[PDB]
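Asker: After the structure tokens below, expect a handful of questions from me.
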Amino acid sequence: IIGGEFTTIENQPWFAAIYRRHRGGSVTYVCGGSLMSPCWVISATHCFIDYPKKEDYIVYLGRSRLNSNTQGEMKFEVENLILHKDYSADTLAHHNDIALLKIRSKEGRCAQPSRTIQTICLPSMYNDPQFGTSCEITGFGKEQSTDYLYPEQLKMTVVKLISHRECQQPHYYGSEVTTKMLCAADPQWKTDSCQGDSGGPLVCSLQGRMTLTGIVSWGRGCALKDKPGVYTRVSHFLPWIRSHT
Ligand SMILES: N=C(N)c1ccc2cc(C(=O)Nc3ccc(CN)cc3)ccc2c1
């Protein structure tokens, strides 16, 4: 997250930290995700497609720092990695960028809700918030595009949603951005998600209810003028999410 503020997991308790174990034992951070029911975390297929072996991943719920074992966290392995069957990647745009991770502890259990581990609600069919709405994103991604290290403490920021007709303007993304995708950004281009934030949540408060409106997917640079962050529009995928869970 470029700009924004430092935060801890009690303020974003549906956030999942997803890591991959390499041959030889080291473990590195991969992408974010969101808890939608005790056994199911949803994220982006691009974080996994080049390493599609479910045994390789470690998922933490309740975790606030990249290298510290936060009180109350829970650690899980992946029982089923489900990637969308018509996923694909153009130069900038990524399509059907959505994945499900069914999680289980070493004892065979799903997550146990607590003050620092909670689910986030799914949207309804045909009802996403109007353009101009403020929504929050969260992750452990880069604080500047020239960094190579990620921040030790979790960050968040707030951005505004952008219409399909503005996002398809020539100096923004043209016809590369589609109606299955949602754009959001700072009007002053100073804060955004960035590499390392992919898969993480775009949460919007809609008619009273905090709602998983989007999944971090792609963008040209980070916090670059006229180049929004682009997010998978979760309401379109409700028939795929219900049939695969
Ligand atoms: N401008 C943003 N909000 C934004 C949002 C998401 C972003 C994602 C990546 C990224 O590195 N993506 C990626 C895509 C596919 C693969 C698989 N080769 C690996 C990483 C990099 C920069 C990104 C920037």
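Every chain in the structure tokens takes a letter, A first, then B, and so on in the order presented; its residues are numbered from 1, and the ligands are numbered from 1 following the presented order.
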Do you know which residues are within 8 Å of ligand 1 using only C-alpha atoms and all ligand atoms? Can you write them as a list in words?
Answerer: residues 46, 47, 48, 49, 50, 89, 94, 185, 192, 193, 194, 195, 196, 197, 198, 216, 217, 218, 219, 220, 221, 222, 223, 224, 227, 228, 229 and 230 of chain A
Asker: Residues near residue 152 in chain A, anyone? I mean within 10 Å using only C-alpha atoms, not counting same-chain ones fewer than 5 positions away, as an MDAnalysis selection string.
Answerer: chainID A and resid 6 64:68 140:141
Asker: Store the residues picked out above, limited to N, CA, C and O atoms, as a PDB file, in the first residue's frame.
Answerer:
ATOM      1  N   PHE A   6      -0.361   2.853   8.975  1.00  0.00           N
ATOM      2  CA  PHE A   6      -0.138   1.543   9.588  1.00  0.00           C
ATOM      3  C   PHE A   6      -1.354   1.027  10.359  1.00  0.00           C
ATOM      4  O   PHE A   6      -2.020   1.929  10.850  1.00  0.00           O
ATOM      5  N   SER A  64      -0.850  -9.672  12.433  1.00  0.00           N
ATOM      6  CA  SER A  64      -0.691  -8.180  12.163  1.00  0.00           C
ATOM      7  C   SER A  64       0.744  -7.862  11.610  1.00  0.00           C
ATOM      8  O   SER A  64       0.910  -6.689  11.219  1.00  0.00           O
ATOM      9  N   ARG A  65       1.821  -8.641  11.627  1.00  0.00           N
ATOM     10  CA  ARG A  65       3.166  -8.338  11.192  1.00  0.00           C
ATOM     11  C   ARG A  65       3.690  -9.469  10.381  1.00  0.00           C
ATOM     12  O   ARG A  65       3.231 -10.582  10.435  1.00  0.00           O
ATOM     13  N   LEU A  66       4.589  -9.175   9.441  1.00  0.00           N
ATOM     14  CA  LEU A  66       5.026 -10.067   8.452  1.00  0.00           C
ATOM     15  C   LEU A  66       5.882 -11.121   9.108  1.00  0.00           C
ATOM     16  O   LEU A  66       5.771 -12.259   8.719  1.00  0.00           O
ATOM     17  N   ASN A  67       6.609 -10.793  10.165  1.00  0.00           N
ATOM     18  CA  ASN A  67       7.517 -11.751  10.803  1.00  0.00           C
ATOM     19  C   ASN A  67       7.329 -11.850  12.310  1.00  0.00           C
ATOM     20  O   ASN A  67       8.257 -11.947  13.118  1.00  0.00           O
ATOM     21  N   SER A  68       6.110 -11.795  12.830  1.00  0.00           N
ATOM     22  CA  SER A  68       6.003 -11.911  14.254  1.00  0.00           C
ATOM     23  C   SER A  68       4.736 -12.799  14.424  1.00  0.00           C
ATOM     24  O   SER A  68       3.789 -12.731  13.636  1.00  0.00           O
ATOM     25  N   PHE A 140       0.053  -6.130   2.849  1.00  0.00           N
ATOM     26  CA  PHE A 140       1.485  -6.123   3.249  1.00  0.00           C
ATOM     27  C   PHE A 140       2.324  -5.781   2.015  1.00  0.00           C
ATOM     28  O   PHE A 140       3.527  -5.994   1.949  1.00  0.00           O
ATOM     29  N   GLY A 141       1.732  -5.211   0.967  1.00  0.00           N
ATOM     30  CA  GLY A 141       2.488  -4.915  -0.237  1.00  0.00           C
ATOM     31  C   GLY A 141       3.441  -3.733  -0.137  1.00  0.00           C
ATOM     32  O   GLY A 141       3.492  -2.998   0.832  1.00  0.00           O
TER      33      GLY A 141
END
Asker: So how far away is CA of residue 92 in chain A from CA of residue 176 in chain A, in Å?
Answerer: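 Pair CA of residue 176 in chain A / CA of residue 92 in chain A returns 7.8 Å.
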Asker: Tell me which protein, DNA and RNA residues are within 7 Å of residue 121 in chain A, counting only C-alpha atoms, leaving out same-chain ones fewer than 6 positions away, and put them as a list in words.
Answerer: residues 36, 210, 211 and 212 of chain A
Asker: As a list in words, please: all residues of range 136-174 of chain A that backbone DSSP puts in strand (DSSP E).
Answerer: residues 136, 137, 138, 139, 155, 156, 157, 158, 159, 160, 161 and 162 of chain A
Asker: Those residues with C-alpha atoms, as a CSV table (one decimal), in the first residue's frame please?
Answerer:
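Full text of again.csv as output:
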chain,number,residue,atom,x,y,z
A,136,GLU,CA,-10.9,0.6,2.1
A,137,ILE,CA,-8.1,-1.8,1.0
A,138,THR,CA,-5.5,-3.6,3.1
A,139,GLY,CA,-2.3,-5.5,2.7
A,155,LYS,CA,-1.1,-1.2,6.2
A,156,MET,CA,-4.5,0.2,5.0
A,157,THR,CA,-5.7,3.1,2.9
A,158,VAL,CA,-9.0,4.5,1.5
A,159,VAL,CA,-9.8,5.1,-2.3
A,160,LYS,CA,-12.9,6.1,-4.3
A,161,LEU,CA,-14.7,3.9,-6.9
A,162,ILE,CA,-14.5,5.0,-10.6
Asker: Skipping near chain neighbours, those fewer than 4 positions away, what residues fall within 7 Å of residue 102 in chain A using only C-alpha atoms, listed as a list in words?
Answerer: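 Selected residues are residues 39, 40, 41, 78, 79, 80 and 81 of chain A.
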Asker: Restrict the calculation to only C-alpha atoms, then for each residue of range 174-211 of chain A with any atom at most 12 Å from an atom of range 232-245 of chain A give the closest atom pair and their distance in Å to one decimal, rows by chain and rising residue number, as a Markdown table.
Answerer:
| residue | atom | partner | partner_atom | distance |
| --- | --- | --- | --- | --- |
| A:177 | CA | A:232 | CA | 10.5 |
| A:178 | CA | A:232 | CA | 9.9 |
| A:179 | CA | A:233 | CA | 8.4 |
| A:180 | CA | A:233 | CA | 5.6 |
| A:181 | CA | A:232 | CA | 5.0 |
| A:182 | CA | A:233 | CA | 5.7 |
| A:183 | CA | A:232 | CA | 9.0 |
| A:184 | CA | A:232 | CA | 11.2 |
| A:198 | CA | A:232 | CA | 10.6 |
| A:199 | CA | A:232 | CA | 9.3 |
| A:200 | CA | A:232 | CA | 10.7 |
| A:201 | CA | A:232 | CA | 10.0 |
| A:202 | CA | A:232 | CA | 9.5 |
| A:203 | CA | A:234 | CA | 10.9 |
| A:204 | CA | A:234 | CA | 11.9 |
| A:211 | CA | A:234 | CA | 10.0 |
Asker: Between A:82, A:119, A:17, A:61, single out the one closest to residue 35 in chain A, counting only C-alpha atoms.
Answerer: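 For residue 35 in chain A, the nearest of the candidates is A:119.
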Asker: For residue 73 in chain A, please output as an MDAnalysis selection string all residues within 10 Å (counting only C-alpha atoms; exclusion window: fewer than 4 positions along the same chain).
Answerer: chainID A and resid 9 60:64 69 114 116:117
Asker: Please produce an output containing N, CA and C atoms for each residue in the selection, written as a PDB file, in the first residue's frame.
Answerer:
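Generated file (result-v8.pdb):
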ATOM      1  N   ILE A   9      -4.283  -6.148  12.936  1.00  0.00           N
ATOM      2  CA  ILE A   9      -5.398  -7.065  12.510  1.00  0.00           C
ATOM      3  C   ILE A   9      -6.767  -6.913  13.189  1.00  0.00           C
ATOM      4  N   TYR A  60      -2.413 -17.569   7.300  1.00  0.00           N
ATOM      5  CA  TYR A  60      -2.624 -17.110   8.638  1.00  0.00           C
ATOM      6  C   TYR A  60      -3.855 -16.215   8.726  1.00  0.00           C
ATOM      7  N   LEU A  61      -4.604 -16.415   9.814  1.00  0.00           N
ATOM      8  CA  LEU A  61      -5.755 -15.549  10.106  1.00  0.00           C
ATOM      9  C   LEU A  61      -5.346 -14.845  11.438  1.00  0.00           C
ATOM     10  N   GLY A  62      -5.652 -13.591  11.752  1.00  0.00           N
ATOM     11  CA  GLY A  62      -5.296 -13.032  13.055  1.00  0.00           C
ATOM     12  C   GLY A  62      -3.881 -12.490  13.150  1.00  0.00           C
ATOM     13  N   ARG A  63      -3.228 -12.348  12.005  1.00  0.00           N
ATOM     14  CA  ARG A  63      -1.814 -11.963  11.992  1.00  0.00           C
ATOM     15  C   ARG A  63      -1.578 -10.478  11.658  1.00  0.00           C
ATOM     16  N   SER A  64      -0.850  -9.672  12.433  1.00  0.00           N
ATOM     17  CA  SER A  64      -0.691  -8.180  12.163  1.00  0.00           C
ATOM     18  C   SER A  64       0.744  -7.862  11.610  1.00  0.00           C
ATOM     19  N   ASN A  69       4.664 -13.639  15.451  1.00  0.00           N
ATOM     20  CA  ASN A  69       3.544 -14.556  15.583  1.00  0.00           C
ATOM     21  C   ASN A  69       2.522 -13.891  16.506  1.00  0.00           C
ATOM     22  N   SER A 114     -13.124 -14.995  16.320  1.00  0.00           N
ATOM     23  CA  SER A 114     -12.687 -14.436  17.604  1.00  0.00           C
ATOM     24  C   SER A 114     -12.644 -12.898  17.386  1.00  0.00           C
ATOM     25  N   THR A 116     -10.187 -11.131  16.643  1.00  0.00           N
ATOM     26  CA  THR A 116      -9.213 -10.762  15.624  1.00  0.00           C
ATOM     27  C   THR A 116      -9.390 -11.668  14.395  1.00  0.00           C
ATOM     28  N   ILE A 117     -10.375 -12.570  14.311  1.00  0.00           N
ATOM     29  CA  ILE A 117     -10.614 -13.447  13.128  1.00  0.00           C
ATOM     30  C   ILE A 117     -12.108 -13.451  12.801  1.00  0.00           C
TER      31      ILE A 117
END
Asker: Measure the distance from CA of residue 165 in chain A to CA of residue 123 in chain A in Å and round it to one decimal.
Answerer: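 Computing the Euclidean distance for CA of residue 165 in chain A and CA of residue 123 in chain A yields 22.0 Å.
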Asker: Which residue out of A:45, A:164, A:21, A:125 has the minimum interatomic distance to residue 95 in chain A when only C-alpha atoms are used?
Answerer: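 Residue with the minimum atom-to-atom distance to residue 95 in chain A: A:45.
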Asker: Choose the residue, out of A:214, A:5, A:19, A:33, that has the smallest atom-to-atom separation from residue 128 in chain A; count only C-alpha atoms.
Answerer: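 Looking only at the distances to residue 128 in chain A, the closest residue turns out to be A:214.
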